[PDB]
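Undergrad: After the structure tokens below, expect a handful of questions from me.
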Amino acid sequence: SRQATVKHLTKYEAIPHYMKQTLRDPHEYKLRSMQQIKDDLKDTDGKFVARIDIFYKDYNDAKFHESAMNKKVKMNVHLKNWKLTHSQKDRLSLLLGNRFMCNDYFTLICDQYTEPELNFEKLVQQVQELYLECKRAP
Amino acid sequence: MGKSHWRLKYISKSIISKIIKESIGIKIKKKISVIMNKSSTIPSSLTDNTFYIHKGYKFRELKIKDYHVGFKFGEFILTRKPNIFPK
Amino acid sequence: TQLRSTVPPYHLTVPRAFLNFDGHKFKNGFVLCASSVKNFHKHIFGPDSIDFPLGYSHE
Amino acid sequence: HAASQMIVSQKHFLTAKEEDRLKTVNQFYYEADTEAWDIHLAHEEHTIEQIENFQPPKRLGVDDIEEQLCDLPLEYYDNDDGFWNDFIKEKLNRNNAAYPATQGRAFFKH
Amino acid sequence: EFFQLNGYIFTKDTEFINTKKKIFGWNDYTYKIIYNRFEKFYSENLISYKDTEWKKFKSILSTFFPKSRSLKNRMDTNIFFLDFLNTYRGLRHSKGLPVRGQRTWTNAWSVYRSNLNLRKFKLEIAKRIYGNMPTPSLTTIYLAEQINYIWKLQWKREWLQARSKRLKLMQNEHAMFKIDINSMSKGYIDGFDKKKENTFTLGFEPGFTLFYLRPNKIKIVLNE
Amino acid sequence: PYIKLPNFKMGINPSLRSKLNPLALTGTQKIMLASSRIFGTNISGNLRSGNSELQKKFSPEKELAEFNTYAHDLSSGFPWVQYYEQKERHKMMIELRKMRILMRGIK
Amino acid sequence: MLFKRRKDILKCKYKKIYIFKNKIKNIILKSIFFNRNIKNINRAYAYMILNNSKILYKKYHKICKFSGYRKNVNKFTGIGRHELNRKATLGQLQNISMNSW
Amino acid sequence: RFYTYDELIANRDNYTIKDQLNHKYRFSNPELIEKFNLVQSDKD
RNA sequence: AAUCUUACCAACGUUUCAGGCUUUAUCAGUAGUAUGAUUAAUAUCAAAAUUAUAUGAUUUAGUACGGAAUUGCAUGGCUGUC
RNA sequence: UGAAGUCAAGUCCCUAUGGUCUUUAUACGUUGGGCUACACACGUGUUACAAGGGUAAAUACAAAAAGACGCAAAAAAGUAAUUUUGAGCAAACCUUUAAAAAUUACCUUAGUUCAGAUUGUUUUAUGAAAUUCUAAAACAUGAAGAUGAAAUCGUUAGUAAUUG
Ligand SMILES: [Mg+2]
Ligand SMILES: [Mg+2]
Ligand SMILES: [Mg+2]
Ligand SMILES: [Mg+2]
Ligand SMILES: [Mg+2]
Ligand SMILES: [Mg+2]
Ligand SMILES: [Mg+2]
Ligand SMILES: [Mg+2]
Ligand SMILES: [Mg+2]
Ligand SMILES: [Mg+2]
Ligand SMILES: [Mg+2]
Ligand SMILES: [Mg+2]
Ligand SMILES: [Mg+2]
Ligand SMILES: [Mg+2]
Ligand SMILES: [Mg+2]
Ligand SMILES: [Mg+2]
Ligand SMILES: [Mg+2]
Ligand SMILES: [Mg+2]
Ligand SMILES: [Mg+2]
């Protein structure tokens with residue numbers, strides 16, 4: 001079952017301009033460079049490794065024209081290897097958007113191609129492109 | 001009533017062929033004056049021109065004038081002959 | 001879009017005297033406010049509806 | 001000239017002068033004695049006060065645009081430092097080795 | 001003093017509330033928009049004997065609506081302008097038949113009674129030509145007048161046959177004949193070959209009723 | 001008729017695509033744009049673009065997969081069939097009519 | 001010539017094959033036509049080509065392979081009305097049963 | 001030789017082509033385009 | 001029941017098999033298409049670009065022509081009702 | 001879930017088939033039109049003639065069913081229909097679904113803040129295409145109707161009726 005959606009009256013309408021809340025953009029600063037990042041992982045000598053969890057499905061029904069049913073490749077990624085700051089975390093919660101994310105892990109899905117291999121490597125190209133753009137913050 | 005304005009008005013393959021033949025200066029004639037696809041809107045270039053419109057097993061005639069622009073061809077023509085209960 | 005062609009009371013004169021939750025301004029002073037919801041049904045009211053600081057409220 | 005006429009070929013909106021003449025007309029129909037309507041408009045009588053027509057609906061032209069948008073690229077890169085400049089060149093050059101993009105392109109040419 | 005707008009006349013004794021039922025086009029939503037502009041309530045009067053209210057009353061209240069116009073008259077023109085060009089919707093407003101594809105074999109009764117705009121707009125036109133003759137006779141004419149104009153255009157092969165028969169005896173006999181307008185008001189006709197297989201009805205050119213009523217050999221039949 | 005009335009509200013009807021100033025972008029705006037390159041999202045105004053018709057799914061071949069079965073007509077799907085008996089009855093009944101047709105033509 | 005079924009199946013066949021191949025063409029043209037942010041001309045020139053095509057292979061309507069009857073069809077099975085009443089006698093339908101709620 | 005992929009990006013914006021555009025009757029019957037110039041010029 | 005459907009009316013057009021098999025003759029810079037022109041439309045014509053993919057495209061003869069045309073008072077089949 | 005068989009009940013026009021007829025036309029393809037006509041009248045069914053009603057505002061509880069030539073959350077815009085956008089799911093996992101009622105307040109028995117036809121004009125959605133011949137929203141139009149003659153129908157408890 002599902003309860004019905006209702007639009008509650010959270011905020012009252014007419015509240016003075018001085019008494020409202022406004023919050024600056026904390027992501028406004030000088031972005032990091034590259035060697036600043038590589039200097040963090042000196043224990044590993046320029047080598048990072050990520051722990052992940054790969055879901056995948058198969059069907060007996062994926063055939064002549066429903067052969068596209070086997071294209072999704074769902075993944076999770078663990079974060080405790082990522083020494084995430086307060087500012088790096090919020091940046092990461094924005095790139096994913098309105099997507100699942102916890103302190104421990106977050107999801108990553110691709111259904112862009114027919115063959116799952118091509119949808120699997122693309123996840124790796126996303127995980128890289130998200131770790132760098134995330135650790136570009138301090 | 002009509003469509004929304006942004007849904008642009010319909011002019012079929014045929015009348016687009018005729019508008020070009022106007023543009024060349026090729027006059028309208030026996031077959032070129034003929035019209036089908038009544039839902040096609042009544043363009044603006046073809047003022048001062050006769051067009052024999054089709055219904056059923058014969059035709060209707062009209063001339064275009066600036067007031068007639070914008071409308072549809074089939075809104076000037078009658079298909080079903082009116083019904084009158086006899087005495 | 002929230003007001004929709006109405007007048008707020010922080011522009012109305014008489015509410016200005018009392019709208020401001022300014023009790024600190026009064027030497028030897030104190031302020032008390034409340035929230036009536038009889039005309040409303042299941043209306044969750046609190047200091048999140050009004051952007052309002054913590055601590056200065058009592059459920 | 002052919003495509004625009006799915007825009008310019010448009011319903012006619014009436015002026016206030018035309019409607020005071022719609023009443024004082026005599027003929028019921030128009031195609032019969034068409035010229036008399038052109039005559040019945042031409043009568044000028046400024047004794048009446050000044051006139052204001054209604055505003056026609058929000059029509060829109062041929063070259064016009066409904067809502068303009070800020071232009072952006074496909075892939076917005078912060079290249080001010082310029083780090084992503086290297087991540088791209090190998091990326092694209094890798095794709096061509098596996099799945100080229102050198103196609104006959106019967107339609108567009110560059 | 002007075003002020004006119006939308007065909008309604010204002011004075012300094014009026015009550016802008018009770019204009020609601022009277023004016024044609026301004027029921028509820030607009031007055032709310034209007035009282036927002038006056039920054040006053042429904043209960044207060046927007047009009048007073050002082051000139052400040054009066055000029056303020058007119059300056060605001062003119063922005064909504066263009067002066068020297070109406071909505072009622074604009075409505076009828078947009079109806080007559082359709083029949084004025086010999087359109088499909090032009091007939092169905094005149095006869096009393098539906099416009100929106102609504103059916104007829106059972107139920108079109110609310111159209112026949114309520115929709116009375118194009119009808120009254122033609123009676124006044126007939127008086128401008130054929131004088132102050134009583135109405136039910138005038139009804140016989142412009143009904144009979146439009147019909148031949150239809151058959152002339154749409155069914156042109158039939159009009160010519162009605163025209164040919166008239167012109168044969170015209171040259172030969174020089175005798176009299178007649179016109180059955182009272183038959184043509186109801187839509188009855190004569191004068192061609194059917195698939196089923198002296199008076200004439202249909203062969204005329206338009207405006208003929210002017211040619212005969214208002215100039216011996218020809219005699220009109222209006223009533224019966 | 002066309003009743004128009006003034007809208008005392010002003011300004012462009014706001015949108016994400018319209019809040020953006022590409023010359024002066026915030027941090028929260030570069031971040032969303034950095035998501036769009038990754039996953040291919042779209043940013044557009046309140047008005048209609050064609051992406052809803054580029055993202056749709058339209059599989060007409062799935063009907064052809066029924067027409068290509070040829071269960072209904074074996075000869076179209078498996079031409080080696082030759083219904084011998086049904087042809088025999090079709091030939092006998094014809095020839096016997098032609099006996100009747102000629103013998104009735106005389107009679 | 002061909003009997004009614006084997007003919008009409010082909011008509012409703014050629015109507016789909018046309019659509020299958022002019023799919024990408026008619027999706028892009030129709031994409032531009034609904035793109036409000038663009039000028040009206042390019043929105044119209046696409047509308048001009050979008051109509052400059054065989055409409056005859058677009059007037060598709062369903063049909064039953066067996067009976068040749070078009071109006072009532074079961075999409076769950078892909079066959080008709082007069083036939084399912086027959087196969088149900090023979091029980092040829094797989095896994096089906098009579099609803100007793 | 002053939003070009004690489006990188007070298008073509010250098011010639012990305014170099015638009016050498018002459019008079020490329022949406023057209024009608026051009027490569028088939030350019031005579032009518034000339035008539036189309038005459039008629040609308042005659043109306044001026 | 002907007003077109004198709006849909007059998008009906010009007011008009012333009014077609015004259016005998018979709019696939020497979022057999023067979024007669026010609027063409028191969030020809031053939032085809034998300035191409036182009038042409039007609040109201042099917043049709044018909046064709047080289048600006050593009051596709052070239054094994055054993056072609058077109059044509060004659062043959063391989064159960066066809067039929068919402070009629071008789072439910074010749075029948076099946078399916079079904080209502082008592 | 002429903003015997004034997006009757007009503008020469010109905011259908012050859014879903015498909016099959018005997019007899020009969022047609023075969024350059026009673027066959028075939030396409031374009032447009034038509035099946036939607038309108039004097040009178042019948043059967044069926046929805047909505048109403050009001051205050052155990054109408055409306056505004058704030059705001060609860062369901063089942064069954066369906067989903068990729070799909071369902072489409074969250075946020076945002078619009079007056080509203082609806083649109084931008086497409087996280088997530090081929091699934092008891094994600095998604096599409098309530099109203100009446102109840103609470104507070106107004107309207108105060110008036111052809112009316114009832115009723116809601118019909119018509120004009122923009123806007124909204126699908127489509128190649130809405131004029132003939134679609135559905136919906138808003139501004140505005142705001143007709144009949146004031147619980148129905150003689151006669152006649154349904155129902156037997158989670159039934160009538162009401163609500164979606
Ligand atoms: Mg209280
Ligand atoms: Mg309509
Ligand atoms: Mg959408
Ligand atoms: Mg359909
Ligand atoms: Mg039809
Ligand atoms: Mg047809
Ligand atoms: Mg037939
Ligand atoms: Mg019988
Ligand atoms: Mg019978
Ligand atoms: Mg019917
Ligand atoms: Mg009620
Ligand atoms: Mg609310
Ligand atoms: Mg939810
Ligand atoms: Mg939502
Ligand atoms: Mg997704
Ligand atoms: Mg209630
Ligand atoms: Mg009344
Ligand atoms: Mg009401
Ligand atoms: Mg009463």
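Note on naming: chains are A, B, ... as they come in the structure tokens, residues start from 1 per chain, ligands start from 1 in the order shown.
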Please find the residues contacting ligand 11 at a distance of at most 9 Å between atoms, with only C-alpha atoms (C1' of nucleotides) and all ligand atoms counted, and report them as a ChimeraX atom specification.

TA: /J:50,53-54

Undergrad: Identify all residues of stretch 1-86 of chain B in alpha helix (DSSP H) (DSSP on the backbone) and supply them as a ChimeraX atom specification.

TA: /B:13-24

Undergrad: Got time to write the residues from that selection, N, CA, C and O atoms, as a tab-separated table (two decimals), in the first residue's frame?

TA:
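Once written, selection30.tsv looks like this:
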chain	number	residue	atom	x	y	z
B	13	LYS	N	1.61	18.78	-48.64
B	13	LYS	CA	2.51	18.68	-49.78
B	13	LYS	C	2.00	19.53	-50.94
B	13	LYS	O	2.77	20.26	-51.58
B	14	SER	N	0.70	19.43	-51.21
B	14	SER	CA	0.14	19.95	-52.45
B	14	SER	C	0.25	21.46	-52.52
B	14	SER	O	0.82	22.01	-53.47
B	15	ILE	N	-0.29	22.15	-51.52
B	15	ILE	CA	-0.34	23.60	-51.58
B	15	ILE	C	1.06	24.19	-51.53
B	15	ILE	O	1.31	25.25	-52.12
B	16	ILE	N	1.99	23.53	-50.85
B	16	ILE	CA	3.37	23.96	-50.90
B	16	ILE	C	3.92	23.84	-52.31
B	16	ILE	O	4.75	24.65	-52.73
B	17	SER	N	3.46	22.85	-53.06
B	17	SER	CA	3.80	22.77	-54.48
B	17	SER	C	3.16	23.91	-55.25
B	17	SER	O	3.77	24.46	-56.18
B	18	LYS	N	1.94	24.30	-54.88
B	18	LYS	CA	1.24	25.34	-55.61
B	18	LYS	C	1.83	26.71	-55.31
B	18	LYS	O	1.97	27.55	-56.21
B	19	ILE	N	2.18	26.95	-54.05
B	19	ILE	CA	2.76	28.24	-53.67
B	19	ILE	C	4.05	28.48	-54.41
B	19	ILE	O	4.37	29.61	-54.79
B	20	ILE	N	4.83	27.42	-54.63
B	20	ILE	CA	6.05	27.55	-55.41
B	20	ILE	C	5.72	27.87	-56.86
B	20	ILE	O	6.32	28.76	-57.47
B	21	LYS	N	4.74	27.16	-57.42
B	21	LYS	CA	4.33	27.43	-58.79
B	21	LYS	C	3.74	28.82	-58.94
B	21	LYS	O	3.82	29.41	-60.02
B	22	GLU	N	3.15	29.36	-57.88
B	22	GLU	CA	2.84	30.79	-57.89
B	22	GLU	C	4.12	31.60	-57.94
B	22	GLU	O	4.21	32.58	-58.70
B	23	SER	N	5.10	31.23	-57.13
B	23	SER	CA	6.32	32.02	-57.00
B	23	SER	C	7.06	32.12	-58.32
B	23	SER	O	7.64	33.16	-58.64
B	24	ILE	N	7.05	31.03	-59.09
B	24	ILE	CA	7.62	31.06	-60.42
B	24	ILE	C	6.83	31.96	-61.35
B	24	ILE	O	7.38	32.45	-62.35

Undergrad: Write as a PyMOL selection string the residues around ligand 9, taking 12 Å as the cut-off and counting only C-alpha atoms (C1' of nucleotides) and all ligand atoms.

TA: (chain I and resi 71-73) or (chain J and resi 9-12)

Undergrad: Could you pull out the strand (DSSP E or B) residues of stretch 15-130 of chain A from DSSP and send them as a VMD selection string?

TA: chain A and resid 52 to 54 75 to 78 101 105 to 108

Undergrad: Select, as a list in words, those residues of chain G with any atom no more than 9 Å from chain B (distances computed using only C-alpha atoms).

TA: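 The contacting residues on chain G are residues 33, 34, 36, 40, 43, 44, 47, 48, 49, 51, 52 and 53 of chain G.
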
Undergrad: Counting only C-alpha atoms (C1' of nucleotides), give me one row per residue of chain J with an atom at most 12 Å from an atom of chain C, showing the shortest contact pair and its distance in Å to one decimal, sorted by chain then residue number, as CSV.

TA:
residue,atom,partner,partner_atom,distance
J:57,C1',C:40,CA,7.9
J:58,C1',C:40,CA,4.8
J:59,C1',C:41,CA,5.8
J:60,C1',C:42,CA,9.4
J:77,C1',C:1,CA,10.7
J:78,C1',C:1,CA,10.8
J:79,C1',C:4,CA,10.5
J:102,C1',C:41,CA,10.5
J:103,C1',C:41,CA,6.4
J:104,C1',C:39,CA,4.3
J:105,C1',C:39,CA,7.8

Undergrad: Now that the selection is made, can you save its residues with N, CA and C atoms (P, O5', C5', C4', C3', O3' and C1' of nucleotides) as a PDB file, in the first residue's frame?

TA:
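And here is the file that came out, part18.pdb:
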ATOM      1  P     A J  57      -9.026  27.180  -1.713  1.00  0.00           P
ATOM      2  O5'   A J  57      -8.730  27.087  -0.156  1.00  0.00           O
ATOM      3  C5'   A J  57      -8.219  28.219   0.522  1.00  0.00           C
ATOM      4  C4'   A J  57      -8.011  27.964   1.992  1.00  0.00           C
ATOM      5  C3'   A J  57      -7.131  26.785   2.355  1.00  0.00           C
ATOM      6  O3'   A J  57      -5.746  27.030   2.209  1.00  0.00           O
ATOM      7  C1'   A J  57      -9.053  26.785   3.719  1.00  0.00           C
ATOM      8  P     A J  58      -4.743  25.804   1.932  1.00  0.00           P
ATOM      9  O5'   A J  58      -4.749  24.992   3.296  1.00  0.00           O
ATOM     10  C5'   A J  58      -4.227  25.592   4.465  1.00  0.00           C
ATOM     11  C4'   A J  58      -4.595  24.835   5.716  1.00  0.00           C
ATOM     12  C3'   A J  58      -4.021  23.437   5.868  1.00  0.00           C
ATOM     13  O3'   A J  58      -2.690  23.446   6.352  1.00  0.00           O
ATOM     14  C1'   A J  58      -6.324  23.406   6.388  1.00  0.00           C
ATOM     15  P     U J  59      -1.763  22.141   6.228  1.00  0.00           P
ATOM     16  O5'   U J  59      -2.800  20.938   6.198  1.00  0.00           O
ATOM     17  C5'   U J  59      -2.438  19.643   6.644  1.00  0.00           C
ATOM     18  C4'   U J  59      -3.666  18.817   6.932  1.00  0.00           C
ATOM     19  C3'   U J  59      -3.638  17.371   6.466  1.00  0.00           C
ATOM     20  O3'   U J  59      -2.979  16.512   7.381  1.00  0.00           O
ATOM     21  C1'   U J  59      -5.694  18.379   5.853  1.00  0.00           C
ATOM     22  P     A J  60      -2.468  15.061   6.920  1.00  0.00           P
ATOM     23  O5'   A J  60      -3.765  14.149   7.000  1.00  0.00           O
ATOM     24  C5'   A J  60      -3.802  12.915   6.307  1.00  0.00           C
ATOM     25  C4'   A J  60      -4.557  11.857   7.070  1.00  0.00           C
ATOM     26  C3'   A J  60      -4.716  10.526   6.359  1.00  0.00           C
ATOM     27  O3'   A J  60      -3.582   9.686   6.462  1.00  0.00           O
ATOM     28  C1'   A J  60      -6.799  11.199   7.215  1.00  0.00           C
ATOM     29  P     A J  77       8.411  27.914  -8.189  1.00  0.00           P
ATOM     30  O5'   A J  77       7.981  28.012  -9.717  1.00  0.00           O
ATOM     31  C5'   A J  77       8.708  28.832 -10.615  1.00  0.00           C
ATOM     32  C4'   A J  77       8.121  28.805 -12.006  1.00  0.00           C
ATOM     33  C3'   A J  77       6.649  29.151 -12.122  1.00  0.00           C
ATOM     34  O3'   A J  77       6.415  30.545 -12.096  1.00  0.00           O
ATOM     35  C1'   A J  77       7.127  27.242 -13.431  1.00  0.00           C
ATOM     36  P     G J  78       5.034  31.127 -11.525  1.00  0.00           P
ATOM     37  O5'   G J  78       3.931  30.573 -12.526  1.00  0.00           O
ATOM     38  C5'   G J  78       3.877  31.035 -13.863  1.00  0.00           C
ATOM     39  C4'   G J  78       2.879  30.254 -14.679  1.00  0.00           C
ATOM     40  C3'   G J  78       1.428  30.389 -14.248  1.00  0.00           C
ATOM     41  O3'   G J  78       0.818  31.545 -14.790  1.00  0.00           O
ATOM     42  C1'   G J  78       1.954  28.107 -14.547  1.00  0.00           C
ATOM     43  P     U J  79       0.104  32.607 -13.825  1.00  0.00           P
ATOM     44  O5'   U J  79      -0.885  31.725 -12.950  1.00  0.00           O
ATOM     45  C5'   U J  79      -1.129  32.040 -11.587  1.00  0.00           C
ATOM     46  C4'   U J  79      -2.293  31.253 -11.044  1.00  0.00           C
ATOM     47  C3'   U J  79      -2.234  29.751 -11.311  1.00  0.00           C
ATOM     48  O3'   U J  79      -2.696  28.999 -10.196  1.00  0.00           O
ATOM     49  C1'   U J  79      -4.211  30.660 -12.251  1.00  0.00           C
ATOM     50  P     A J 102     -20.010  15.058   7.784  1.00  0.00           P
ATOM     51  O5'   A J 102     -18.791  15.043   8.803  1.00  0.00           O
ATOM     52  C5'   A J 102     -18.699  14.034   9.791  1.00  0.00           C
ATOM     53  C4'   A J 102     -17.405  14.109  10.558  1.00  0.00           C
ATOM     54  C3'   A J 102     -16.973  15.490  11.003  1.00  0.00           C
ATOM     55  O3'   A J 102     -17.668  15.954  12.142  1.00  0.00           O
ATOM     56  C1'   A J 102     -15.133  14.372  10.068  1.00  0.00           C
ATOM     57  P     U J 103     -17.994  17.518  12.298  1.00  0.00           P
ATOM     58  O5'   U J 103     -16.563  18.206  12.322  1.00  0.00           O
ATOM     59  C5'   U J 103     -15.692  17.968  13.409  1.00  0.00           C
ATOM     60  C4'   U J 103     -14.493  18.877  13.383  1.00  0.00           C
ATOM     61  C3'   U J 103     -14.788  20.354  13.238  1.00  0.00           C
ATOM     62  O3'   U J 103     -15.190  20.961  14.452  1.00  0.00           O
ATOM     63  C1'   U J 103     -13.018  19.754  11.797  1.00  0.00           C
ATOM     64  P     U J 104     -16.278  22.138  14.419  1.00  0.00           P
ATOM     65  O5'   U J 104     -15.507  23.311  13.673  1.00  0.00           O
ATOM     66  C5'   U J 104     -14.386  23.916  14.293  1.00  0.00           C
ATOM     67  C4'   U J 104     -13.856  25.088  13.508  1.00  0.00           C
ATOM     68  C3'   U J 104     -14.884  26.044  12.933  1.00  0.00           C
ATOM     69  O3'   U J 104     -15.385  26.959  13.887  1.00  0.00           O
ATOM     70  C1'   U J 104     -13.259  25.553  11.294  1.00  0.00           C
ATOM     71  P     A J 105     -16.868  27.554  13.733  1.00  0.00           P
ATOM     72  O5'   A J 105     -16.803  28.409  12.393  1.00  0.00           O
ATOM     73  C5'   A J 105     -16.026  29.590  12.342  1.00  0.00           C
ATOM     74  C4'   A J 105     -16.028  30.225  10.973  1.00  0.00           C
ATOM     75  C3'   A J 105     -17.369  30.400  10.289  1.00  0.00           C
ATOM     76  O3'   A J 105     -18.137  31.473  10.802  1.00  0.00           O
ATOM     77  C1'   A J 105     -15.798  29.608   8.731  1.00  0.00           C
TER      78        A J 105
END

Undergrad: Within 9 Å of residue I:17, counting only C-alpha atoms (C1' of nucleotides), which residues qualify if same-chain residues fewer than 3 places away don't, as a list in words?

TA: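 In the requested format, the answer is residues 1 and 2 of chain G; 65 of chain I.
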
Undergrad: Give me the residues within 7 Å of stretch 32-47 of chain F as a PDB file with N, CA, C and O atoms (P, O5', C5', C4', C3', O3' and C1' of nucleotides), in the first residue's frame, counting only C-alpha atoms (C1' of nucleotides) and dropping any in the same chain fewer than 3 places off.

TA:
ATOM      1  N   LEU A  94      26.040  16.588  -4.512  1.00  0.00           N
ATOM      2  CA  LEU A  94      25.415  17.393  -5.551  1.00  0.00           C
ATOM      3  C   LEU A  94      25.578  16.772  -6.929  1.00  0.00           C
ATOM      4  O   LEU A  94      24.644  16.803  -7.737  1.00  0.00           O
ATOM      5  N   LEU A  95      26.754  16.215  -7.211  1.00  0.00           N
ATOM      6  CA  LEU A  95      27.011  15.636  -8.521  1.00  0.00           C
ATOM      7  C   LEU A  95      26.085  14.468  -8.797  1.00  0.00           C
ATOM      8  O   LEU A  95      25.545  14.338  -9.901  1.00  0.00           O
ATOM      9  N   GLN A 126      33.083   6.997 -14.744  1.00  0.00           N
ATOM     10  CA  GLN A 126      32.353   7.916 -13.887  1.00  0.00           C
ATOM     11  C   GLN A 126      32.988   7.996 -12.507  1.00  0.00           C
ATOM     12  O   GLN A 126      33.134   9.090 -11.951  1.00  0.00           O
TER      13      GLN A 126
ATOM     14  N   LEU D  74      28.451  21.320 -24.624  1.00  0.00           N
ATOM     15  CA  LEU D  74      27.997  20.014 -24.168  1.00  0.00           C
ATOM     16  C   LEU D  74      28.620  19.661 -22.829  1.00  0.00           C
ATOM     17  O   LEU D  74      27.917  19.478 -21.828  1.00  0.00           O
ATOM     18  N   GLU D  75      29.941  19.569 -22.792  1.00  0.00           N
ATOM     19  CA  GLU D  75      30.685  19.162 -21.609  1.00  0.00           C
ATOM     20  C   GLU D  75      31.402  20.379 -21.043  1.00  0.00           C
ATOM     21  O   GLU D  75      32.437  20.802 -21.565  1.00  0.00           O
ATOM     22  N   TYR D  76      30.844  20.940 -19.973  1.00  0.00           N
ATOM     23  CA  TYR D  76      31.433  22.097 -19.312  1.00  0.00           C
ATOM     24  C   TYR D  76      32.599  21.653 -18.443  1.00  0.00           C
ATOM     25  O   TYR D  76      32.409  20.975 -17.428  1.00  0.00           O
TER      26      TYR D  76
ATOM     27  N   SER F  15      13.463  29.881 -14.200  1.00  0.00           N
ATOM     28  CA  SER F  15      13.867  28.533 -14.562  1.00  0.00           C
ATOM     29  C   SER F  15      15.332  28.356 -14.205  1.00  0.00           C
ATOM     30  O   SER F  15      16.092  29.326 -14.128  1.00  0.00           O
ATOM     31  N   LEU F  16      15.724  27.096 -14.017  1.00  0.00           N
ATOM     32  CA  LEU F  16      17.128  26.773 -13.784  1.00  0.00           C
ATOM     33  C   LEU F  16      17.989  27.259 -14.935  1.00  0.00           C
ATOM     34  O   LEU F  16      19.037  27.881 -14.729  1.00  0.00           O
ATOM     35  N   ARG F  17      17.550  27.000 -16.161  1.00  0.00           N
ATOM     36  CA  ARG F  17      18.284  27.415 -17.346  1.00  0.00           C
ATOM     37  C   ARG F  17      18.409  28.928 -17.432  1.00  0.00           C
ATOM     38  O   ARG F  17      19.324  29.424 -18.097  1.00  0.00           O
ATOM     39  N   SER F  18      17.517  29.672 -16.776  1.00  0.00           N
ATOM     40  CA  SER F  18      17.510  31.127 -16.844  1.00  0.00           C
ATOM     41  C   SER F  18      18.199  31.793 -15.668  1.00  0.00           C
ATOM     42  O   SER F  18      18.698  32.912 -15.815  1.00  0.00           O
ATOM     43  N   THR F  28      27.585  26.146  -6.811  1.00  0.00           N
ATOM     44  CA  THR F  28      26.519  25.162  -6.930  1.00  0.00           C
ATOM     45  C   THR F  28      26.082  24.957  -8.373  1.00  0.00           C
ATOM     46  O   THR F  28      25.445  23.943  -8.674  1.00  0.00           O
ATOM     47  N   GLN F  29      26.401  25.893  -9.264  1.00  0.00           N
ATOM     48  CA  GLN F  29      25.986  25.824 -10.655  1.00  0.00           C
ATOM     49  C   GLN F  29      27.008  25.100 -11.516  1.00  0.00           C
ATOM     50  O   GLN F  29      26.634  24.331 -12.407  1.00  0.00           O
TER      51      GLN F  29
ATOM     52  N   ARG G  36      10.514  24.914 -28.575  1.00  0.00           N
ATOM     53  CA  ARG G  36       9.998  26.270 -28.493  1.00  0.00           C
ATOM     54  C   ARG G  36      11.093  27.322 -28.451  1.00  0.00           C
ATOM     55  O   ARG G  36      10.845  28.471 -28.830  1.00  0.00           O
TER      56      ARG G  36
ATOM     57  P     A J  77       8.411  27.914  -8.189  1.00  0.00           P
ATOM     58  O5'   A J  77       7.981  28.012  -9.717  1.00  0.00           O
ATOM     59  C5'   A J  77       8.708  28.832 -10.615  1.00  0.00           C
ATOM     60  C4'   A J  77       8.121  28.805 -12.006  1.00  0.00           C
ATOM     61  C3'   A J  77       6.649  29.151 -12.122  1.00  0.00           C
ATOM     62  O3'   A J  77       6.415  30.545 -12.096  1.00  0.00           O
ATOM     63  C1'   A J  77       7.127  27.242 -13.431  1.00  0.00           C
ATOM     64  P     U J  83       1.729  17.192 -19.983  1.00  0.00           P
ATOM     65  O5'   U J  83       2.871  18.299 -19.981  1.00  0.00           O
ATOM     66  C5'   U J  83       3.136  19.030 -21.165  1.00  0.00           C
ATOM     67  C4'   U J  83       4.115  20.156 -20.951  1.00  0.00           C
ATOM     68  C3'   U J  83       5.516  19.767 -20.525  1.00  0.00           C
ATOM     69  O3'   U J  83       6.305  19.277 -21.595  1.00  0.00           O
ATOM     70  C1'   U J  83       4.780  21.583 -19.223  1.00  0.00           C
ATOM     71  P     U J  84       7.467  18.203 -21.312  1.00  0.00           P
ATOM     72  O5'   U J  84       8.619  19.058 -20.629  1.00  0.00           O
ATOM     73  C5'   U J  84       9.176  20.168 -21.308  1.00  0.00           C
ATOM     74  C4'   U J  84      10.156  20.931 -20.453  1.00  0.00           C
ATOM     75  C3'   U J  84      11.336  20.146 -19.907  1.00  0.00           C
ATOM     76  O3'   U J  84      12.396  20.047 -20.843  1.00  0.00           O
ATOM     77  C1'   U J  84      10.385  21.506 -18.200  1.00  0.00           C
TER      78        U J  84
END

Undergrad: How would you report the residues lying within 10 Å of ligand 3, as a PyMOL selection string, if you count only C-alpha atoms (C1' of nucleotides) and all ligand atoms?

TA: (chain F and resi 48-49+51-53) or (chain J and resi 72+82-86)
